[PDB]
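Before any comments, here is the structure.
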RNA sequence: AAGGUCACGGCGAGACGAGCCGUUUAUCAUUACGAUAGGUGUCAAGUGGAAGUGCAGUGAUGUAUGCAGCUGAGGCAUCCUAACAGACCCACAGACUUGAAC
RNA sequence: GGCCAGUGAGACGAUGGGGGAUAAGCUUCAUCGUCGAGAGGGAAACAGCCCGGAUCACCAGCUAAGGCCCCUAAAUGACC
RNA sequence: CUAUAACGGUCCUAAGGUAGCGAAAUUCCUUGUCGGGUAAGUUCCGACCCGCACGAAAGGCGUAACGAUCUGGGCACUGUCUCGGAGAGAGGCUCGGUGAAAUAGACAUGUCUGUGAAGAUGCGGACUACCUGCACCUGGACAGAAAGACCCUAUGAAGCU
RNA sequence: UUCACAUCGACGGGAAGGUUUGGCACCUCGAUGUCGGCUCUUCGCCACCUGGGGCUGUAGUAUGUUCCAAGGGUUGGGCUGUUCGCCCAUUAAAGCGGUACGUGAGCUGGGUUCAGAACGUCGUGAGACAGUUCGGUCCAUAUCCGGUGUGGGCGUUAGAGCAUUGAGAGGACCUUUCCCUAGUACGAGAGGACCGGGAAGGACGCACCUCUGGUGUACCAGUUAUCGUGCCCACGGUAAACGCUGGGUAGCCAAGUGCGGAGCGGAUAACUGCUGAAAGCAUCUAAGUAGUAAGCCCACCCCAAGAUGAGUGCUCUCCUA
């Protein structure tokens, strides 16, 4: 349950905003490819919960299959790629018919949370996944960087599940929390936000207000 | 991880890879059409586009860098007398990567380089 | 996890935990585990074979 | 970055020359001592006409460092040596004339080091 | 490292048939390439 | 508190009360406030 | 059939499978989509003054051309090259039984 | 008596004791029961505890030890 | 004055340790006590001598030079370390060829807990697990080796005294 | 100072645990590899700290002892092979143990002190010491279970593309100074609060490369030796997998940069209670009920219907003979 509808935007590099007091803050720059049109609302009557379903990245019709574009043309909106809802408490007033919601709702709310696919690092070891220590690099040692002991002795007879092994590190989404908003641009369709979003410039990014 | 490392390294070390690039683009400029593997094909594509457009502006500095890159002496001087008369107005894209059957003994994906 | 915590949280796991240890837990009690239909509400959504009420032989309930 | 086996030069004329600093106080990291962190120094060598001799545990203040110093104004200050001031726990040193320049953020806790300094940048 | 016992006919016919089914998957690709190698304007196979 | 598991009621006003299963001893002096066995 | 898979051009994804983004009269015009990768043309950017010539110097060398010359893993533009040619899987109201109204 | 073998490492349980620390599934003896060499049933499983001594068949019945809510056969049996 | 023994008597031997050394490659107590070095020193050096159990060719005490000798400390120096990080090769991963080995009763080869020749995937109760691969890691299978070098038995074997 | 029970408790007694040394010799010697360290767990509470409370010979600060509570933490070093232990600087505190040294099919030293040698002592001697010192090979491609990731098949009762609910499971829920209140309560002074806020830290975690850098064998720049490009210039090769250096874009990384640890949310453990009876007095309880713990659950971030109980919602397609 979220405390309100959010938007989604793409990361476009990082820079530094110079505050007129004299400080230098590192900000991430957020663009918006297409407006976050509310496509499908799911209320308490026809569904077990209440959520507002928006989308993103208007595309060519060849890029989008028949169930997708049939679902989007059921709402009478543009064919678009990305599609996510926000679960919201039952006080909502949202029509699914082409609500091109403008981005003014976050500037006075100087706290926002963001979610995104972090950059994947592939099958990485235990020295960087779970912040282990390496063995002795010298003094006749042989267990350089290795995983060390894995379990206890005879009495378990196995290893505990969830034990810290090497595996695929990045690729899942994360949410970093309470990130204070900064100078929006009402003509450059760009929002400064002081922090570090998950991922390189180009990826999708959930931008939804806080849950404290 | 290889995020954004856009060098195309082969199954050979660095200086041997440089010699493979120079020799194979040299004999590519000698015969025109050539049989490579596909990694060697794209690795020829970047450098031989650099060597067609290098002696496109036939000065002395371009001719000396171009003679420094290519092995054979008499093929650089057969190049700038040929590339403005042929590959003017093309503005990039000097090759073609026509693929063929894999190689007997390796199942190596084998390609074939033109000049067009 | 205590009894009042399930009965506040998910009550239809109470009886479902009581009768699952009453049936022979092999391949066949697992098949007749699905015959149990426990619902927390006052009304069940079944109109299958006009379900007649269950006959009791227990004088101490 | 001041490890617990570094050599810091002296920034005053208290009576020492350099010091092996030992195991910082305050910031419990103790493998990264930035500016303003007091250190439990021991005297590696000293001036032999002063009541500060060899092998004497003392408390000092890291005032210069080869590691950088992130400021909010955008500047980054760094030195070429490491320096400490032989300090007492009640503020002021027991050496008056401070050698070398210091920064100005440590004025908010160590004002006597700034007031006795030749340059405050 | 040293195997404690041996495998059955069961598990071996499973693993060998996964190996040969992995050989099955790389010939409908060869049927597609052999079918595109036939009469048609394709800019490959000089 | 005193977990003296077996001492008798010792002041002249050590009333003896079983609350919540356990046996405790109360008195006017807070020295004698005990939870027995 | 809808939808996938192979192939194809790759990736900020990745041991292999995966995943993701393309797969071309690859806009036309009044205002967000039909540039995937390479090359090319420019712009950030790195090293930092290239060759050749002239001048000064006996010569090492310095100086003007000239923030020039190379690099261009990054941004934008550009269809010049390769996205051609295909192939294959999945089809044909989704068993049996009760209740409700039509 | 004739011919002719094994065995001579025992184990636990009750009683009578010694060694121990009246400690050990400990050690050594004396009488006995079981296992050894004993299947079946009860003991959740489980050599020595209880019933019990397996020639074999039956899609026969009555019982010992022990049990009669369900898993799992028989009482959600009766009265204090 | 507290001591300690220059000195004395007695017993037994063949004689009762001389110079020098001395918590030592020798000291059990012991990390003896003091001093140096160190912020801190069971290691080191310099001393005292209470030498379990030094000692004069099984030589004793010294020392220049020497040592892939042992050991204590210091300067310079650095990933040894704090505390890791990046890059290049040969492997590892994939494809095509060739293609073993140790091991192996058959394996339809879960976890807890209990029992049992007293440390169970195999027995009991419960819980958890769709089948089957690939890449890593090695906790268990009392994993592989190899009829335990240690301990004991053999009216064994052998060397040596 | 009076005073057994604020705190110790003599003379004695009763238990629990299996972490020391022991006793038995029950599994294992056709092989169960001891002690210490590194790496990496997980668990117990007999609690060192953090959270709540009682009592105090508790005026306040700080305590002494004890109850609930194991979520989290429990430093860096000199000596020694060391466990233990001593010492230094501290810290909120520097807990004790189980998991066959927990962990040598993950890794290395003293040792079951192996083979050489030396000192003391014992022995006539060969040799020996639960005495000392120097040197002294440690193997390995995972079959299965187990684990971490990642698929493919089939199922989910037509076949799909998305979108999510969340059963269940993980991670995070940690902690310290400084300031206001306030030099206020308290105390003759000296000292110096509880409670409620703020700010700066520490470890841990999730991210990122805008700045500062490390690397960067894409790169460019200086230079040595030499061989080629006919020769001068200028370049190319080699000096392993950069000849040695000087810097660096994009990646990766931290030492750098942001963020997190929230809840007059629910029920409780110890405790304080409110009415309040069994004994017309009483008592936290026997009926009902209130405050309240870093503990439990939920909320928090992610995965998640193979949750076979296989969910819910929207949309596309089943044609010809």
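Check off (1) more than 10 Å from the chain's Cα centre (by Cα); (2) not in a loop (DSSP other than H, G, I, E, B) for residue C:31 and give me the number that stays unchecked.
With respect to (1) more than 10 Å from the chain's Cα centre (by Cα); (2) not in a loop (DSSP other than H, G, I, E, B), residue C:31 is out only on (2).
Determine, yes or no, whether residue D:22 is surrounded by 13 or more Cβ atoms within 10 Å (Cβ to Cβ) and either closer than 18 Å to residue D:89 by Cβ or within 16 Å of RNA strand G (Cβ to nearest atom) (or both).
Yes; evaluated as a whole, the condition is true for this residue.
Name the single residue, out of those in region A:147-174 being under 29 Å from residue A:199 (Cα atoms) and out of contact with any strand residue (DSSP E or B) (no Cβ under 9 Å at 6 or more places or on another chain), that is surrounded by the fewest Cβ atoms within 10 Å (Cβ to Cβ).
Top of the filtered list is A:162.
For region D:25-46, which residues satisfy the criterion of being more than 18 Å from residue D:113 (Cβ to Cβ) and surrounded by 21 or more Cβ atoms within 10 Å (Cβ to Cβ)?
Residues satisfying the conditions are D:43, D:46.
Filter region A:23-50 for residues that are over 19 Å from residue A:100 (Cβ atoms) and within 23 Å of the chain's Cα centre (by Cα) and give the result.
Result: A:25, A:26, A:27, A:28, A:29, A:42, A:49, A:50.
Which residues, counting only those in region A:35-60, are surrounded by fewer than 22 Cβ atoms within 10 Å (Cβ to Cβ) and touching a helix residue (DSSP H, G or I) at 6+ places or on another chain (Cβ under 8 Å)?
A:40
Could you tell me which residue of region A:179-202 is nearest to residue A:56 (Cα to Cα), considering only residues that are within 14 Å of another protein chain (Cβ to nearest Cβ) and within 14 Å of RNA strand G (Cβ to nearest atom)?
A:202
Only residues that are within 11 Å of chain E (Cβ to nearest Cβ) and in contact with a helix residue (DSSP H, G or I) (Cβ under 7 Å, 6 or more places away or on another chain): list them for region B:100-116, please.
Correct list: B:111, B:113.
Looking only at region A:179-186, decide whether some residue is in a strand (DSSP E or B), within 6 Å of RNA strand J (Cβ to nearest atom) and surrounded by 14 or more Cβ atoms within 10 Å (Cβ to Cβ).
Yes, region A:179-186 contains at least one residue that is in a strand (DSSP E or B), within 6 Å of RNA strand J (Cβ to nearest atom) and surrounded by 14 or more Cβ atoms within 10 Å (Cβ to Cβ).
Looking at residue B:7, is it more than 30 Å from residue B:104 (Cβ to Cβ) and assigned to a helix (DSSP H, G or I)?
No.
So residue B:32 fits all but one of (1) surrounded by 13 or more Cβ atoms within 10 Å (Cβ to Cβ); (2) within 14 Å of another protein chain (Cβ to nearest Cβ); what number is the exception?
Going through the list (1) surrounded by 13 or more Cβ atoms within 10 Å (Cβ to Cβ); (2) within 14 Å of another protein chain (Cβ to nearest Cβ), residue B:32 breaks only (1).
Out of the residues in region A:133-178 that are in a strand (DSSP E or B) and within 16 Å of RNA strand G (Cβ to nearest atom), state the one that is farthest from the chain's Cα centre (by Cα).
Among them, the one singled out is A:167.
For a quick check of your reading of the model, give me the residue pairs whose first member lies in region B:67-79 and is free of Cβ contacts under 8 Å to residues at least 24 places away in the same chain, whose second is surrounded by fewer than 16 Cβ atoms within 10 Å (Cβ to Cβ) and not in a helix (DSSP H, G or I), with beta-carbon atoms closer than 9 Å and at least 6 apart or on different chains.
Matching pairs, first to second residue: B:67/B:77.
Looking at B:92, B:58, can you tell me which residue is touching a residue at least 12 places away in the same chain (Cβ under 8 Å), in a loop (DSSP other than H, G, I, E, B) and under 13 Å from residue B:115 (Cα atoms)?
Just a single option satisfies the conditions, and that option is B:92.
Can you find, within region C:1-28, the residue that is nearest to the other protein chains (Cβ to nearest Cβ) among those that are more than 10 Å from RNA strand J (Cβ to nearest atom), exposed (fewer than 11 other Cβ atoms within 10 Å of the Cβ) and in a loop (DSSP other than H, G, I, E, B)?
This residue is C:27.
Here is a list of conditions, (1) within 14 Å of chain E (Cβ to nearest Cβ); (2) not in a helix (DSSP H, G or I), and residue B:41 meets all of them except one; can you say which number that is?
Status for residue B:41: all satisfied but (2).
Take the residues in region B:47-66 that are within 11 Å of residue B:77 (Cα to Cα) and surrounded by 14 or more Cβ atoms within 10 Å (Cβ to Cβ), then tell me which one is farthest from RNA strand I (Cβ to nearest atom).
This residue is B:58.
Condition first: farther than 30 Å from residue D:72 by Cα, away from every other protein chain (no Cβ under 14 Å), touching a strand residue (DSSP E or B) at 6+ places or on another chain (Cβ under 9 Å) and surrounded by fewer than 18 Cβ atoms within 10 Å (Cβ to Cβ). Can you find one or more residues in region A:4-23 that meet it?
Yes: one or more hits.
A quick yes/no check of all residues on (1) closer than 30 Å to residue A:150 by Cα; (2) in contact with a strand residue (DSSP E or B) (Cβ under 7 Å, 6 or more places away or on another chain); (3) not in a loop (DSSP other than H, G, I, E, B):
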site	(1), (2), (3)
A:87	no, yes, yes
A:93	no, no, no
A:119	yes, no, no
A:128	yes, no, yes
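Whether any residue in region E:31-44 is within 16 Å of RNA strand J (Cβ to nearest atom) and more than 12 Å from the chain's Cα centre (by Cα) is what I want to check.
No: region E:31-44 contains no residue that is within 16 Å of RNA strand J (Cβ to nearest atom) and more than 12 Å from the chain's Cα centre (by Cα).
Every number in this text was worked out from the coordinates using simple rules, so none of it is lab data. A quick note on method: Cβ atoms are made from the backbone with ideal geometry, for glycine too, and the neighbour counts reach across all protein chains shown.
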